[PDB]
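All letters in the sequence shown, in the order written, are residues 0 to 553 by the deposited numbering.
The C-beta atom is built at its ideal place from N, Cα and C for all residues, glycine as well.
See below for the structure under consideration.
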Amino acid sequence: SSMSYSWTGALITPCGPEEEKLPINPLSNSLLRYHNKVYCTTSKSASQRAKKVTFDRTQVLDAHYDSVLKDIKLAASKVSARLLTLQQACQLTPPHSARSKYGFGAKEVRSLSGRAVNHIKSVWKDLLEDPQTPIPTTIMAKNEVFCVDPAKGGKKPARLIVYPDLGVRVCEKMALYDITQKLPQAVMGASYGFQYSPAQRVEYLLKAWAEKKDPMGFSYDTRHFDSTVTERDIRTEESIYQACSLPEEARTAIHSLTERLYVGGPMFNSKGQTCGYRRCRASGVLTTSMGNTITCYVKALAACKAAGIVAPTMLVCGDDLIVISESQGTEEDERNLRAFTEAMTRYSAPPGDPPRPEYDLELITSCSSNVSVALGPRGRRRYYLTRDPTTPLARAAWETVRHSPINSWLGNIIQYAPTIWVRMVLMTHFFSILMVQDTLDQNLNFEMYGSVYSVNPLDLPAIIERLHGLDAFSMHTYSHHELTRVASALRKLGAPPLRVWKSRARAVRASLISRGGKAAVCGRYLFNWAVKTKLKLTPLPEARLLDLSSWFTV
Ligand SMILES: Cc1cc2nc3c(=O)[nH]c(=O)nc-3n(C[C@H](O)[C@H](O)[C@H](O)COP(=O)(O)OP(=O)(O)OC[C@H]3O[C@@H](n4cnc5c(N)ncnc54)[C@H](O)[C@@H]3O)c2cc1C
Ligand SMILES: Nc1ccn([C@@H]2O[C@H](COP(=O)(O)OP(=O)(O)O)[C@@H](O)[C@H]2O)c(=O)n1
Ligand SMILES: [Mn+2]
Ligand SMILES: [Mn+2]
């Protein structure tokens, strides 16, 4: 039926500058050596990304989907949501969020400057009163940093980002913000993924695998998900929102937003030229993650009914998906996943990689992360969440005039603290730099789902214990997979081997303990793995005092 995009063929122009790599990346050139392999996407590769995401889509709904949708709209019916006040909505604007054509910006919006408050009042009135005219959107390349893959044809092209004006975005929060904070949890329950700390996520997969008598899991990511959301998906989700107990002013605005923005609108490049028209999900609206994750839930859950996936347990993070279910022999299980894929493709959510039933939890990957196991001193199996370190390393090497990679180092040390690569590579380089910089106690930002939290480098031991527990400073024997992947990435990036890092880590332990105080606790804990004779670490009193709830939620 419907064509995802159409293109006037104007360029997808960049937004401001696109910083270049420098001839010395002086923070990360003691980390890895092949700074050529570390590249950043760019509006140049936008034309190529355009060509891969455009295609006529044909959706084929059936009674499994119809059944599922109703059980979800009934789950949504249990919801009460409230409008956000124009001012609440305003103060949710991120401090550096892209400014408005009408000369004002995140600065003024969060300050409740009267100029903006007015123009946003006039936006929201026109939202309620006119429920048809399209809302112009801006399309721009997305810039993000990757390592090259010569197997994947070199350098990825830049993901497309489409978003409305800054005044608009605040009204989406007035109409919809409250729903984003409740509906995914009300519809899916524990199937909802973005509520779990890494350890909590691991506990869930473990709980699920254990309660099958013969489990079988697989993962599913949809190829170019933002472009396979059809106009009927986006309206079907508006009727999921409308299932909720809402005030009448909200429903009007919601409906107007769906008709005028969400189901599609003309896209403008940064120079203003009409760039094309969009008939799919704009990645950039408030509902981008709620909408993906819920649309994904039904499609995948209906396709589950359609394949005869037995006793399925689901974990949905955006378009990524894990399904630990009941096995029907290796022979039938294979057959079902084809039915799954076919069903999904019939729903306009075709995969990039054909799913495959797996029977070993380490071999199942989704959300770029997998589970894994290590022994401790106790000879006892401890499970953790790890991932391919090739990209986190690459982003640890992004140094330009304008961006310093250290926040990224924090982010990883926090998120994948138990990993052999964080413990032995990142943590080593982190403190090694901070101490020489003599900024070991200057605060750092840790970013996650758009929230930023203030984090001080010397608190890392108690933070990591509240999130991962003391077992994180005692991982004895890593899996043969992890050992191979970590080795493999260090080679691929010209970083020194893990043997080397053990020598350098010994040193950082010395200076850290020799600074005493908090620095010394970082030594004895974060680098206990490094020493011939391990100190018996005990709980930290600070750990019990920490509130890390909203970190890994939404
Ligand atoms: C609602 C939401 C908002 C986010 N906002 C920001 C932000 O403003 N600035 C920033 O630097 N990072 C943002 N992120 C990414 C976030 O910081 C983490 O990196 C995120 O958990 C992805 O982890 P990952 O790279 O291992 O998953 P991935 O390997 O990237 O797999 C993709 C899955 O994770 C989600 N995801 C990954 N990257 C993003 C992204 N930029 N935006 C939205 N979803 C993403 C997708 O929903 C998808 O389900 C956001 C993530 C979510 C889910
Ligand atoms: N940096 C990012 C990455 C993904 N996303 C969204 O989350 C979805 C995840 O899809 P993905 O990461 O597997 O890549 P695609 O399949 O969309 O090409 C995207 O379609 C986008 O809608 C985003 O909004 N910002
Ligand atoms: Mn995808
Ligand atoms: Mn994905």
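Residue i: first and last residue of the uninterrupted beta strand (DSSP E) it sits in
{"i": "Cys-295", "result": "Here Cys-295 belongs to no beta strand (DSSP E); instead the alpha helix (DSSP H) covers 287-306."}
{"i": "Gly-264", "result": "264-267"}
{"i": "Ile-160", "result": "159-162"}
{"i": "residue 555", "result": "Summary: the structure shown does not reach residue 555, with the chain confined to residues 0 through 553, and so no result is reported for it."}
{"i": "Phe-193", "result": "Looking at the DSSP string, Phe-193 is not in any beta strand (DSSP E), and its letter there is neither H nor E."}
{"i": "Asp-319", "result": "319-325"}
{"i": "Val-144", "result": "144-146"}
{"i": "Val-37", "result": "37-39"}
{"i": "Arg-277", "result": "273-277"}
{"i": "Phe-54", "result": "Note, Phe-54: premise wrong, no beta strand (DSSP E); not H, not E."}
{"i": "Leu-545", "result": "Premise fails: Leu-545 is in no beta strand (DSSP E) and is neither H nor E."}
Whole-angstrom distance between residue j and residue i, CA atom to CA atom
{"i": "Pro-163", "j": "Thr-179", "result": "18 Å"}
{"i": "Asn-35", "j": "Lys-491", "result": "11 Å"}
{"i": "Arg-355", "j": "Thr-221", "result": "14 Å"}
{"i": "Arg-277", "j": "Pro-460", "result": "48 Å"}
{"i": "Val-167", "j": "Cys-14", "result": "19 Å"}
{"i": "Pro-540", "j": "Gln-86", "result": "40 Å"}
{"i": "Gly-263", "j": "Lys-304", "result": "30 Å"}
{"i": "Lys-154", "j": "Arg-345", "result": "31 Å"}
{"i": "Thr-227", "j": "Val-309", "result": "27 Å"}
{"i": "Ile-11", "j": "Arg-32", "result": "33 Å"}
{"i": "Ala-338", "j": "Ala-306", "result": "5 Å"}
{"i": "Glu-446", "j": "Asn-406", "result": "8 Å"}
{"i": "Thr-136", "j": "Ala-174", "result": "18 Å"}
{"i": "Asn-369", "j": "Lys-517", "result": "33 Å"}
{"i": "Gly-104", "j": "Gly-290", "result": "26 Å"}
{"i": "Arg-523", "j": "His-480", "result": "28 Å"}
{"i": "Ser-46", "j": "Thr-329", "result": "43 Å"}
{"i": "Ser-487", "j": "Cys-274", "result": "42 Å"}
{"i": "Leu-68", "j": "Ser-453", "result": "41 Å"}
{"i": "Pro-133", "j": "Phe-267", "result": "13 Å"}
{"i": "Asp-440", "j": "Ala-519", "result": "13 Å"}
{"i": "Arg-422", "j": "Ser-502", "result": "13 Å"}
{"i": "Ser-473", "j": "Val-507", "result": "18 Å"}
{"i": "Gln-272", "j": "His-95", "result": "24 Å"}
{"i": "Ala-80", "j": "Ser-244", "result": "6 Å"}
{"i": "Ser-365", "j": "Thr-92", "result": "30 Å"}
{"i": "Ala-542", "j": "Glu-19", "result": "41 Å"}
{"i": "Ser-450", "j": "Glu-331", "result": "44 Å"}
{"i": "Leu-314", "j": "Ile-293", "result": "12 Å"}
Cβ neighbour criterion (16 or more within 10 Å) applied to residue i
{"i": "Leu-73", "result": "exposed"}
{"i": "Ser-42", "result": "buried"}
{"i": "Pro-197", "result": "buried"}
{"i": "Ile-413", "result": "buried"}
{"i": "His-254", "result": "buried"}
{"i": "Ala-62", "result": "exposed"}
{"i": "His-467", "result": "buried"}
{"i": "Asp-55", "result": "exposed"}
{"i": "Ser-99", "result": "buried"}
{"i": "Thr-532", "result": "exposed"}
{"i": "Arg-401", "result": "exposed"}
{"i": "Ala-242", "result": "buried"}
{"i": "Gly-216", "result": "buried"}
{"i": "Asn-28", "result": "exposed"}
{"i": "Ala-140", "result": "buried"}
{"i": "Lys-298", "result": "buried"}
{"i": "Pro-538", "result": "exposed"}
{"i": "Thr-312", "result": "buried"}
The alpha helix (DSSP H) enclosing residue i, as first and last residue numbers
{"i": "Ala-348", "result": "No alpha helix (DSSP H) holds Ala-348; DSSP gives it neither H nor E."}
{"i": "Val-435", "result": "426-436"}
{"i": "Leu-126", "result": "113-128"}
{"i": "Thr-136", "result": "From DSSP, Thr-136 is part of no alpha helix (DSSP H) but of the beta strand (DSSP E) over 136-140."}
{"i": "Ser-238", "result": "230-240"}
{"i": "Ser-453", "result": "First-last for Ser-453: 450-454, but that is the beta strand (DSSP E), not the alpha helix (DSSP H)."}
{"i": "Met-447", "result": "Segment 443-447 is the beta strand (DSSP E) holding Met-447; no alpha helix (DSSP H) there."}
{"i": "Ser-255", "result": "247-256"}
Item checked: 4 or more residues per run - each alpha helix (DSSP H) lying fully within the stretch 467-503 -> You should have 479-491.
Next item on the list: Could you say if the stretch 309-329 and the stretch 199-207 meet the contact criterion of at least three C-beta pairs nearer than 8 Å?
Entry: These segments touch.
Next item on the list: Could you say if the stretch 396-413 and the stretch 446-460 meet the contact criterion of at least three C-beta pairs nearer than 8 Å?
Entry: Touching, yes, given that three or more Cβ pairs across the two stretches are closer than 8 Å.
Margin query: Does the contact criterion of 3 or more C-beta pairs under 8 Å hold for the stretch 143-158 versus the stretch 388-396?
Written below: Between the stretch 143-158 and the stretch 388-396, the count of Cβ pairs shorter than 8 Å is three or higher; the stretches touch.
Check: With a cut-off of 8 Å, do at least 3 Cβ pairs link the stretch 177-196 to the stretch 119-135?
Finding: The answer is no - the stretch 119-135 does not touch the stretch 177-196, with fewer than three Cβ pairs under 8 Å.
Checklist line | Residue ranges of each alpha helix (DSSP H) within the stretch 370-427, 4 or longer | finding: Entirely contained in the stretch 370-427, the alpha helix (DSSP H) runs reaching 4 residues are, in chain order, 389-394, 405-414.
Check: Between the stretch 359-379 and the stretch 234-241, do three or more beta carbon pairs fall short of 8 Å?
Finding: Here the stretch 359-379 does not lie against the stretch 234-241, with fewer than 3 beta-carbon pairs under 8 Å apart.
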